[PDB]
Amino acid sequence: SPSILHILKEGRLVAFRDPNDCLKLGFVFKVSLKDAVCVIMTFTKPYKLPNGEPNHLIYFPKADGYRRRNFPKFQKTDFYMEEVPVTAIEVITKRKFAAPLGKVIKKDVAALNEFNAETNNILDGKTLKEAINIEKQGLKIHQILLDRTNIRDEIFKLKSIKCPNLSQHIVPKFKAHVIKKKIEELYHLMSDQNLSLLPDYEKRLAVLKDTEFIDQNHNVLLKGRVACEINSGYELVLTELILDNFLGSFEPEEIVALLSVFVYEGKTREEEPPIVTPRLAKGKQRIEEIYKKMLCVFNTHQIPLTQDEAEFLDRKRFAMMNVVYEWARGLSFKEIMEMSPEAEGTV
Amino acid sequence: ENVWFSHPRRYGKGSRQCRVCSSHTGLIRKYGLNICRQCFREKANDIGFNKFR
Amino acid sequence: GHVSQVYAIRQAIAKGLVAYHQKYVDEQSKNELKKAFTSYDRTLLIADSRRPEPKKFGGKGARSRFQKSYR
Amino acid sequence: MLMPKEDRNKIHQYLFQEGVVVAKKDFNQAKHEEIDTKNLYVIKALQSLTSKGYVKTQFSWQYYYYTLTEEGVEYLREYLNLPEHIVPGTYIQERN
Amino acid sequence: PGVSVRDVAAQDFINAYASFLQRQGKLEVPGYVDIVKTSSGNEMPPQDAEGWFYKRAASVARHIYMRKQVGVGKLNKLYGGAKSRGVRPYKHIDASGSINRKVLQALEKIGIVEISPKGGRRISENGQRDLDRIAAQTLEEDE
Amino acid sequence: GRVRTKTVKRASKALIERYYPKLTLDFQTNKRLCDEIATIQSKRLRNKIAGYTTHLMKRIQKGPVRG
Amino acid sequence: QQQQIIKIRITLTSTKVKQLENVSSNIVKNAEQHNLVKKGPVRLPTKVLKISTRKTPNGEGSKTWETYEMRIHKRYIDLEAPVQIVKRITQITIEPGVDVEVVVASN
Amino acid sequence: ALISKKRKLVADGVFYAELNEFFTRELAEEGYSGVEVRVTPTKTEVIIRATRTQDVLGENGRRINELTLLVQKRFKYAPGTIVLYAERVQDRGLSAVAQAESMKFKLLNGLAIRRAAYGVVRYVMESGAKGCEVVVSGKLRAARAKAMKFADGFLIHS
RNA sequence: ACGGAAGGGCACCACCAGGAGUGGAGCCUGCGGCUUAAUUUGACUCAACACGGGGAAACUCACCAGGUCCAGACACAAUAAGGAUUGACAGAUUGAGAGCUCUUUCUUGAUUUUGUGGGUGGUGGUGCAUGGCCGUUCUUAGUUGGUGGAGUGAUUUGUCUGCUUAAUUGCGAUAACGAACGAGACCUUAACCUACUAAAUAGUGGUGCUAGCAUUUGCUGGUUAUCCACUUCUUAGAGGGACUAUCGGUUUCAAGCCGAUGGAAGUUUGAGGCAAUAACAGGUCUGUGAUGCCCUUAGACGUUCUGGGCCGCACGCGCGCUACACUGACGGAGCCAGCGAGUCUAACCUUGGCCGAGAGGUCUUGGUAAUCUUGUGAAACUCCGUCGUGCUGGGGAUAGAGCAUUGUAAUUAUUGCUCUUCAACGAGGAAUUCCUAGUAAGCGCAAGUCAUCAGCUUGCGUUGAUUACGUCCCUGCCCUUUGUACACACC
């Protein structure tokens with residue numbers, strides 16, 4: 001931030017608290033920008049209520065009716081250090097002094113008197129202005145601020161606000177809402193929709209509904225029916241291949257060779273030869289187009305495919321058309337072998 | 001170990017040096033880069049200062 | 001500077017006038033104006049096309065160089 | 001170089017738990033980052049380690065790029081006396 | 001060393017005023033004025049002697065007039081002589097700023113200028129209606 | 001001085017040899033015609049080529065040039 | 001339930017012109033497509049980082065100098081845009097060399 | 001953050017430089033070609049080019065991990081912000097750096113200069129280049145220095 | 001290759017025509033010598049001498065007088081928990097709360113330790129052992145090999161008799177034919193776009209709120225808020241634009257050249273960047289963890305602390321920037337810019353108000369920057385007054401006395417101011433440097449070194465000339481012919 005380390009002032013007033021959970025105040029030693037490890041010098045013990053319980057309300061700036069209700073004063077305590085994260089630090093405020101903590105520790109005359117004065121001045125009266133800067137960038141941060149400062153004034157909007165004593169009566173209510181939805185709601189959610197595969201599955205439904213295989217009411221259509229027969233991984237393009245009379249122009253050999261593109265790895269060093277007939281080339285082109293389209297449609301939803309399916313078009317699968325076509329005619333196994341690049345078992 | 005093995009080096013040619021070569025004379029402070037001028041020349045096109053004029 | 005500024009302002013006065021004539025008066029008047037000016041032309045309408053040549057090393061100025069010794 | 005053995009232990013340990021060590025060439029630095037020791041002490045102990053294999057070095061822009069080996073791992077398990085097939089340097093870890 | 005007199009009556013614009021500022025009986029001299037060099041990079045005091053401060057008053061009146069809003073440091077930069085050290089020709093160097101400050105402090109009192117937002121100082125509507133009007137009345141008289 | 005170089009002259013000549021229909025004896029028209037007719041890298045060079053073609057046409061009209 | 005406008009200000013800066021202007025034009029296009037008022041593709045004065053140095057490593061030789069200069073081209077673009085389009089336009093348009101920044105809360 | 005654009009770009013340049021030099025030093029055997037500092041939102045990717053990803057990538061991503069550690073521990077980044085990669089350089093050549101490395105290694109094995117130089121030039125020619133120039137300075141054969149200059153095809157100098 | 005041989009062509013690192021100067025304009029720094037405890041050191045015609053980015057108070061530092069520290073990895077013995085080795089308050093000690101060393105004893109716990117091989121570091125040597133880099137030959141048009149031809153061969157031709165070009169550029173000719181590099185082309189930049197894209201981080205105009213001096217409505221801000229309108233200026237992006245364009249002459253009438261017309265731009269439109277082949281035993285091991293061999297390696301030329309020195313000097317030589325005085329210097333009233341640069345894990349650029357003659361101090365503010373510093377309202381010069389020819393008044397050295405700032409530390413004064421000594425100096429022999437247009441010359445300004453210091457450079461503007469627009473005589477360069485007892489090549 002533009003005033004995160006040096007400009008804000010060494011020993012600035014912040015409201016931190018350990019797991020005891022009570023309203024406290026202290027001075028910043030040095031805002032460590034790495035592991036969030038601020039060494040805060042407290043001057044107040046955990047402020048328990050008149051009843052004798054942990055106080056849950058935070059300093060909600062600018063309101064006499066809010067804070068003086070339950071926070072007329074706080075407890076006075078002498079200097080001792082504690083390390084704490086930035087998450088525990090609640091609301092930073094202005095009322096501070098420029099002199100360091102070392103001076104306070106080593107018993108000076110200028111530091112200690114002014115110090116004690118500041119310790120009790122805060123107690124006597126306090127209606128401070130909050131100050132966190134948005135001038136660096138603010139995109140997520142700005143949004144968060146917008147969310148919060150609307151909810152800041154929303155605390156006055158609701159019914160409970162001008163009570164005689166709220167935080168004395170809250171310990172039951174707090175206990176209920178917080179602890180009853182701590183690991184009951186959450187445990188339930190740990191056996192309702194556990195993994196991200198169910199959400200991702202629902203995103204796989206978005207593409208399956210868009211491609212018109214299953215209808216929008218989540219039931220199978222003719223496209224989904226025909227596709228139910230195909231057990232191979234490249235089923236959607238293959239399903240799309242059977243629609244129009246495009247296939248009717250081909251001969252059986254041409255069809256079977258065309259179908260070889262799907263059932264072959266296509267990982268090799270050697271070059272692809274020229275295609276055996278223009279119809280096959282056309283078919284190949286069509287297939288390529290369809291797979292591009294499918295890649296596009298998958299890509300809009302943003303779901304990662306397998307290394308095989310990510311590669312597909314880049315891999316050298318298309319040479320086996322020229323291979324199997326000859327076999328489909330009625331040719332010797334040597335002749336075809338001497339055409340093809342790959343090993344014989346693979347073929 | 002030794003409380004006598006360090007003169008003041010708060011400023012001057014002795015304080016700051018070329019990060020590549022560690023010379024003292026011929027140091028490019030401009031734009032807070034701190035590179036030995038010869039070293040800078042060597043890695044000039046690498047950093048991306050191209051000779052136009 | 002001062003002379004330069006003067007030159008600029010006079011030029012502006014000229015161009016502004018002729019342009020004004022061109023838009024909001026007939027052309028013949030503007031032609032008359034031009035011909036009156038362009039005959040005299042001290043960069044009256046058109047700007048001065050000379051512009052500072054840069055300084056180069058081994059000398060205080062552009063074409064000037066430092067003195068050499070031999071002995 | 002002569003130094004307290006605890007510092008050496010810290011060094012050998014941290015290096016084992018990571019695999020890599022870095023150091024700006026500066027004797028008269030005071031504390032070196034991460035490992036709680038002066039920089040000189042680090043640099044010289046690592047040099048000593050390197051001497052007989054175990055860790056490989058690359059100087060590059062005065063920043064000492066130290067990297068652990070296989071024999072080095074064996075040496076460090078021996079020194080730090082911890083079980084094999086359990087605590088290595090940085091082998092597989094990531095899925096890719 | 002100074003600025004913005006090329007245009008109108010350089011000397012006469014700020015001479016009939018100079019005696020008129022004495023005529024007013026409102027001016028407020030420092031006390032240590034008139035035994036002073038006027039700049040660090042200068043050499044002699046002014047040759048007007050019984051005056052000069054009144055010239056610099058209307059010159060600072062003119063300065064506040066000049067534009068928008070003006071300061072102290074700016075005045076120092078302006079009336080500053082530039083300093084001649086040895087060989088070291090005449091590098092532009094600040095004025096006896098104290099004098100300008102004093103002038104400002106005087107003018108504010110007389111009801112001509114006031115301290116503005118954005119810092120600096122600005123001319124008033126009532127201000128110069130009477131001050132330099134009589135001096136430039138010579139130009140209106142001649143016309 | 002203002003002497004035209006090899007790639008301007010030779011290329012111009014080549015153009016006149018295989019495009020005599022078109023290439024009327026005006027500079028500006030040729031200038032765009034050159035951009036259309038063939039790929040040229042820089043603007044300057046193109047312009048030079050156009051100029052030389054114009055010159056050539058101007059001196060083709062008076063008599064049959066050798067080359 | 002309007003999806004509220006916040007006045008976004010993008011600040012692209014780079015050492016390249018063609019790689020930068022590409023991203024600029026893309027931003028102009030995408031933002032146009034969504035039908036939003038904006039403050040141009042406003043370009044700034046390009047900053048030249050001039051470094052004068054002697055050619056020779058050591059003093060001997062004719063005193064030859066060498067200018068070494070790096071360009072900085074900078075574009076600021078204000079999209080008077082809703083809270084929706086911030087996340088849509090930030091994720092798109094990334095490039096090695098082109099340093100991209102976005103900022104809001106103009107006052 | 002909060003650094004001037006001027007200062008910033010220079011810093012980036014410096015980072016790029018130090019990277020390239022380090023990679024050149026460490027990735028010597030592999031035939032390192034070049035890198036690119038691919039800055040992104042939040043993450044900072046770094047593509048590395050070489051002839052082979054034999055041990056640059058590593059066994060199950062070990063040497064690459066080490067390299068990443070070196071990078072992020074050196075310049076002090078948050079773990080998993082900076083990321084390295086290993087792309088194949090194209091044509092085993094045309095990139096001069098790789099070729100220079102190949103020369104260097106051919107020599108240090110124990111070979112005559114001619115064989116190296118003409119091997120390199122022929123390879124370049126095969127790789128579909130317009131032309132090549134290989135110059136070797138220093139002490140070849142004799143005690144006094146000499147400059148052998150091999151070339152083929154075509155070049156430019158202006 | 002050279003020639004006080006020929007022919008042709010060239011350059012303000014050559015002249016002519018002049019302009020500005022340098023050997024006394026600031027007195028500076030650099031070198032030589034001299035001096036030296038040291039006064040480190042490289043470079044000596046062009047192509048060493050404000051150069052080493054070298055403006056050094058220490059650190060830089062390498063040199064000198066001294067003092068420590070081990071960062072001697074590793075292996076191999078050997079001493080060795082009845083302790084290897086480390087550290088140690090204080091007395092002595094010494095510039096010195098350096099245990100360095102001793103005195104007294106405590107602490108320490110395999111790390112070291114003394115010895116042997118082997119490393120390591122070195123601003124040590126060698127730039128004539130090298131790499132890289134740079135300079136110069138060489139601000140030049142030159143160099144090559146494929147296949148042909150000639151010659152026993154070295155080699156030659158191509159690469160040329162003319163003509164033209166800044167140019168082996170072309171035009172042509174032709175035992176050569178096509179080709180490649182260099183040149184050109186290319187890149188950046190300098191100028192022109194009242195056309196496109198727009199811009200409160202740039203302007204301008206209109207409407208609510210200002211008209212206070214020359215004002216009735218200069219131009220300015222009141223006006224980050226009053227909303228709207230605009231893109232000429234200002235910024236960029238994309239393009240266009242000049243090609244010697246049209247006309248005339250001139251030439252086998254071809255390449256081209258000279259004038260005129262328009263044109264923002266008509267010397268390759270100016271300026272640069274890039275820049276071939278082969279070289280020099282040019283410079284550099286003091287840029288480099290670039291290195292070979294040599295030298296040294298724990299009273300170490302290693303690293304580090306204390307104090308000097310590199311500033312030892314009226315100069316024996318070299319560069320460098322104000323106004324020798326009335327086209328002047330003052331007192332004021334003077335005076336528009338343009339390159340830039342700028343705080344983070346901190347203290348940079350300073351606006352603002354107060355105090356101070358002053359330099360400065362202070363309380364704060366704006367600024368990670370077309371927004372704030374900062375229209376860097378710079379200087380020379382416009383306007384009146386003061387001298388007016390006088391080593392005087394013109395302007396403020398050399399020496400003294402104080403007050404400020406920066407810095408652990410200013411002493412052989414860092415700088416700055418203030419007063420007293422008063423000096424742009426009597427137009428600089430012989431000699432020699434740069435210079436043809438917004439240049440030369442004047443004048444400041446920023447940046448680079450930087451805590452502080454500029455007269456150093458690197459860029460930037462501002463005012464702005466005279467005199468060629470040529471030649472080969474001097475000094476050199478390129479080609480061709482020729483001569484040669486030269487070839488480390490006319491030294």
# chains A, B, ... in the order shown; residues from 1 in each chain; ligands from 1
$ interface_residues --of "chain G" --to "chain B" --cutoff "9 Å" --atoms "only C-alpha atoms" --output "list in words"
residues 15, 49, 50, 51, 53, 54, 55, 56, 57, 66, 67, 68, 69, 70 and 71 of chain G
$ write_last_selection --atoms "C-alpha atoms" --output "compact mmCIF listing (two decimals), in the first residue's frame"
# COMPACT_ATOMS: atom_id res chain seq x y z
CA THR G 15 9.42 -0.57 -24.23
CA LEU G 49 16.20 6.86 -21.19
CA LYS G 50 19.43 8.27 -22.65
CA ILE G 51 22.79 6.97 -21.32
CA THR G 53 29.23 6.66 -22.15
CA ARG G 54 32.70 6.35 -23.73
CA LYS G 55 33.16 3.49 -26.21
CA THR G 56 36.59 2.37 -24.98
CA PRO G 57 36.97 0.36 -21.75
CA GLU G 66 28.19 6.34 -27.44
CA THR G 67 24.51 7.07 -26.80
CA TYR G 68 22.59 4.06 -25.49
CA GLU G 69 18.85 4.77 -25.27
CA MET G 70 15.67 2.90 -24.26
CA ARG G 71 12.13 4.02 -25.13
$ interface_residues --of "chain D" --to "chain I" --cutoff "9 Å" --atoms "only C-alpha atoms (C1' of nucleotides)" --output "list in words"
residues 1, 2, 3, 4, 5, 8, 27, 40, 41, 44, 47, 48, 49, 50, 51, 52, 59, 60, 61 and 62 of chain D
$ residues_around --residues "range 14-30 of chain F" --least-positions-apart "6" --cutoff "12 Å" --atoms "only C-alpha atoms (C1' of nucleotides)" --output "PyMOL selection string"
(chain F and resi 6-8+36-39+46-61+65+67) or (chain I and resi 241-243+245-246)
$ select_by_dssp --residues "range 35-105 of chain H" --states "helix (DSSP H, G or I)" --output "list in words"
residues 63, 64, 65, 66, 67, 68, 69, 70, 71, 72, 73, 74, 75, 96, 97, 98, 99, 100, 101, 102, 103, 104 and 105 of chain H
$ residues_around --residues "residue 7 in chain C" --least-positions-apart "2" --cutoff "12 Å" --atoms "only C-alpha atoms (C1' of nucleotides)" --output "list in words"
residues 1, 2, 3, 4, 5, 9, 10, 11, 12, 13, 14, 41, 42, 43, 44, 45, 46, 47 and 48 of chain C
$ interface_residues --of "chain G" --to "chain C" --cutoff "8 Å" --atoms "only C-alpha atoms" --output "list in words"
residues 63, 64 and 65 of chain G
$ interface_residues --of "chain D" --to "chain H" --cutoff "10 Å" --atoms "only C-alpha atoms" --output "list in words"
residues 18, 19, 20, 21, 22, 23, 24, 33, 34, 57, 58, 59, 60, 61, 63, 64, 65, 66, 67, 68, 89, 90, 91, 92, 93, 94, 95 and 96 of chain D
$ residues_around --residues "range 110-121 of chain H" --least-positions-apart "3" --cutoff "10 Å" --atoms "only C-alpha atoms (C1' of nucleotides)" --output "PyMOL selection string"
chain H and resi 93+99-100+102-107+124-127+129+131-136+140-141+148-153
$ residues_around --residues "range 36-42 of chain E" --least-positions-apart "6" --cutoff "12 Å" --atoms "only C-alpha atoms (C1' of nucleotides)" --output "MDAnalysis selection string"
(chainID E and resid 1:2 30 49 52:53 56 75:86 88:100) or (chainID I and resid 330:332 357:360 395:396 416:418)
$ select_by_dssp --residues "chain B" --states "strand (DSSP E or B)" --output "VMD selection string"
chain B and resid 27 to 28 35 to 36 50
$ closest_atom_pairs --of "chain G" --to "chain I" --cutoff "7 Å" --atoms "only C-alpha atoms (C1' of nucleotides)" --output "JSON lines"
{"residue": "G:40", "atom": "CA", "partner": "I:198", "partner_atom": "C1'", "distance": 5.3}
{"residue": "G:41", "atom": "CA", "partner": "I:198", "partner_atom": "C1'", "distance": 6.6}
{"residue": "G:42", "atom": "CA", "partner": "I:199", "partner_atom": "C1'", "distance": 5.4}
{"residue": "G:43", "atom": "CA", "partner": "I:236", "partner_atom": "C1'", "distance": 5.4}
{"residue": "G:44", "atom": "CA", "partner": "I:235", "partner_atom": "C1'", "distance": 6.2}
{"residue": "G:45", "atom": "CA", "partner": "I:235", "partner_atom": "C1'", "distance": 5.8}
{"residue": "G:52", "atom": "CA", "partner": "I:458", "partner_atom": "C1'", "distance": 6.2}
{"residue": "G:54", "atom": "CA", "partner": "I:53", "partner_atom": "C1'", "distance": 6.9}
{"residue": "G:55", "atom": "CA", "partner": "I:134", "partner_atom": "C1'", "distance": 6.5}
{"residue": "G:56", "atom": "CA", "partner": "I:134", "partner_atom": "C1'", "distance": 4.4}
{"residue": "G:57", "atom": "CA", "partner": "I:133", "partner_atom": "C1'", "distance": 6.5}
{"residue": "G:58", "atom": "CA", "partner": "I:52", "partner_atom": "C1'", "distance": 5.3}
{"residue": "G:59", "atom": "CA", "partner": "I:52", "partner_atom": "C1'", "distance": 3.7}
{"residue": "G:60", "atom": "CA", "partner": "I:283", "partner_atom": "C1'", "distance": 5.3}
{"residue": "G:61", "atom": "CA", "partner": "I:135", "partner_atom": "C1'", "distance": 4.4}
{"residue": "G:62", "atom": "CA", "partner": "I:135", "partner_atom": "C1'", "distance": 6.2}
$ write_last_selection --atoms "N, CA, C and O atoms" --output "compact mmCIF listing (two decimals), in the first residue's frame"
# COMPACT_ATOMS: atom_id res chain seq x y z
N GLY G 40 -10.97 7.70 -24.61
CA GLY G 40 -9.98 7.44 -25.67
C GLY G 40 -9.05 6.24 -25.52
O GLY G 40 -9.31 5.35 -24.71
N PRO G 41 -7.99 6.20 -26.34
CA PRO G 41 -6.81 5.39 -26.11
C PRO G 41 -5.63 6.33 -25.81
O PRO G 41 -4.63 6.32 -26.52
N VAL G 42 -5.77 7.13 -24.75
CA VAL G 42 -4.93 8.33 -24.58
C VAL G 42 -3.46 7.97 -24.40
O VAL G 42 -3.10 7.19 -23.52
N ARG G 43 -2.62 8.57 -25.25
CA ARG G 43 -1.20 8.28 -25.31
C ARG G 43 -0.45 9.42 -24.64
O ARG G 43 -0.91 10.56 -24.64
N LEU G 44 0.70 9.09 -24.06
CA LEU G 44 1.48 10.04 -23.26
C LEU G 44 2.79 10.38 -24.00
O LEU G 44 3.11 9.73 -25.01
N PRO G 45 3.53 11.39 -23.52
CA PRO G 45 4.86 11.64 -24.09
C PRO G 45 5.82 10.48 -23.84
O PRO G 45 6.04 10.09 -22.69
N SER G 52 24.75 8.30 -21.89
CA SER G 52 25.98 8.64 -22.61
C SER G 52 27.17 8.01 -21.91
O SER G 52 27.32 8.13 -20.69
N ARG G 54 31.58 6.62 -22.81
CA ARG G 54 32.70 6.35 -23.73
C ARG G 54 32.64 4.94 -24.31
O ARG G 54 32.19 4.01 -23.65
N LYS G 55 33.11 4.80 -25.55
CA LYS G 55 33.16 3.49 -26.21
C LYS G 55 34.22 2.60 -25.57
O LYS G 55 33.92 1.48 -25.14
N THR G 56 35.44 3.11 -25.51
CA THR G 56 36.59 2.37 -24.98
C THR G 56 36.41 1.93 -23.52
O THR G 56 35.77 2.64 -22.74
N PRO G 57 36.94 0.75 -23.16
CA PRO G 57 36.97 0.36 -21.75
C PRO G 57 38.03 1.10 -20.95
O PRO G 57 37.81 1.40 -19.77
N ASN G 58 39.18 1.39 -21.57
CA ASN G 58 40.27 2.14 -20.93
C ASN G 58 40.66 3.37 -21.75
O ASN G 58 40.52 3.38 -22.97
N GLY G 59 41.18 4.38 -21.06
CA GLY G 59 41.33 5.75 -21.57
C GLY G 59 41.93 6.02 -22.95
O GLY G 59 41.60 7.04 -23.56
N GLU G 60 42.80 5.13 -23.43
CA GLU G 60 43.47 5.33 -24.72
C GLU G 60 42.48 5.25 -25.89
O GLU G 60 41.42 4.63 -25.79
N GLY G 61 42.85 5.89 -27.00
CA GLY G 61 42.02 5.94 -28.20
C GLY G 61 41.38 7.31 -28.32
O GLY G 61 41.24 8.02 -27.32
N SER G 62 41.01 7.68 -29.55
CA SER G 62 40.27 8.93 -29.80
C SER G 62 38.99 8.95 -28.98
O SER G 62 38.32 7.93 -28.83
$ interface_residues --of "chain A" --to "chain I" --cutoff "12 Å" --atoms "only C-alpha atoms (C1' of nucleotides)" --output "MDAnalysis selection string"
chainID A and resid 1:7 30:34 136
$ write_last_selection --atoms "N, CA, C and O atoms" --output "PDB file, in the first residue's frame"
ATOM      1  N   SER A   1       0.847  -1.200   0.000  1.00  0.00           N
ATOM      2  CA  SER A   1       0.000   0.000   0.000  1.00  0.00           C
ATOM      3  C   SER A   1       0.888   1.258   0.000  1.00  0.00           C
ATOM      4  O   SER A   1       2.094   1.153   0.244  1.00  0.00           O
ATOM      5  N   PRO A   2       0.303   2.450  -0.268  1.00  0.00           N
ATOM      6  CA  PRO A   2       1.126   3.669  -0.275  1.00  0.00           C
ATOM      7  C   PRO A   2       1.560   4.157   1.118  1.00  0.00           C
ATOM      8  O   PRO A   2       2.484   4.967   1.210  1.00  0.00           O
ATOM      9  N   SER A   3       0.896   3.680   2.172  1.00  0.00           N
ATOM     10  CA  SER A   3       1.270   3.981   3.554  1.00  0.00           C
ATOM     11  C   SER A   3       1.135   2.712   4.404  1.00  0.00           C
ATOM     12  O   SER A   3       0.345   2.656   5.351  1.00  0.00           O
ATOM     13  N   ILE A   4       1.914   1.693   4.033  1.00  0.00           N
ATOM     14  CA  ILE A   4       1.906   0.382   4.706  1.00  0.00           C
ATOM     15  C   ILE A   4       3.081   0.162   5.673  1.00  0.00           C
ATOM     16  O   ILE A   4       2.936  -0.584   6.645  1.00  0.00           O
ATOM     17  N   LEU A   5       4.225   0.806   5.414  1.00  0.00           N
ATOM     18  CA  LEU A   5       5.449   0.597   6.201  1.00  0.00           C
ATOM     19  C   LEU A   5       5.873   1.832   7.009  1.00  0.00           C
ATOM     20  O   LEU A   5       5.826   1.810   8.242  1.00  0.00           O
ATOM     21  N   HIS A   6       6.274   2.897   6.310  1.00  0.00           N
ATOM     22  CA  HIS A   6       6.992   4.028   6.920  1.00  0.00           C
ATOM     23  C   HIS A   6       6.131   5.276   7.164  1.00  0.00           C
ATOM     24  O   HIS A   6       6.237   5.900   8.223  1.00  0.00           O
ATOM     25  N   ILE A   7       5.292   5.635   6.190  1.00  0.00           N
ATOM     26  CA  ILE A   7       4.531   6.898   6.221  1.00  0.00           C
ATOM     27  C   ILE A   7       3.422   6.918   7.289  1.00  0.00           C
ATOM     28  O   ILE A   7       3.205   7.955   7.923  1.00  0.00           O
ATOM     29  N   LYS A  30       7.025  -2.613  13.632  1.00  0.00           N
ATOM     30  CA  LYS A  30       7.471  -2.583  12.239  1.00  0.00           C
ATOM     31  C   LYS A  30       6.614  -3.540  11.410  1.00  0.00           C
ATOM     32  O   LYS A  30       6.543  -4.732  11.719  1.00  0.00           O
ATOM     33  N   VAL A  31       5.969  -3.016  10.367  1.00  0.00           N
ATOM     34  CA  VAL A  31       5.066  -3.809   9.527  1.00  0.00           C
ATOM     35  C   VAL A  31       5.899  -4.704   8.603  1.00  0.00           C
ATOM     36  O   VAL A  31       6.297  -4.291   7.512  1.00  0.00           O
ATOM     37  N   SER A  32       6.163  -5.927   9.060  1.00  0.00           N
ATOM     38  CA  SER A  32       7.005  -6.875   8.326  1.00  0.00           C
ATOM     39  C   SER A  32       6.278  -7.412   7.089  1.00  0.00           C
ATOM     40  O   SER A  32       5.357  -8.224   7.206  1.00  0.00           O
ATOM     41  N   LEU A  33       6.702  -6.947   5.912  1.00  0.00           N
ATOM     42  CA  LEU A  33       6.091  -7.338   4.638  1.00  0.00           C
ATOM     43  C   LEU A  33       6.730  -8.623   4.094  1.00  0.00           C
ATOM     44  O   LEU A  33       7.530  -8.590   3.153  1.00  0.00           O
ATOM     45  N   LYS A  34       6.367  -9.749   4.706  1.00  0.00           N
ATOM     46  CA  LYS A  34       6.839 -11.075   4.284  1.00  0.00           C
ATOM     47  C   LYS A  34       5.935 -12.188   4.830  1.00  0.00           C
ATOM     48  O   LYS A  34       5.289 -12.897   4.055  1.00  0.00           O
ATOM     49  N   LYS A 136      -3.412   3.304  -4.293  1.00  0.00           N
ATOM     50  CA  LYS A 136      -2.445   2.427  -4.972  1.00  0.00           C
ATOM     51  C   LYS A 136      -3.035   1.868  -6.271  1.00  0.00           C
ATOM     52  O   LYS A 136      -2.548   2.194  -7.357  1.00  0.00           O
TER      53      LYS A 136
END
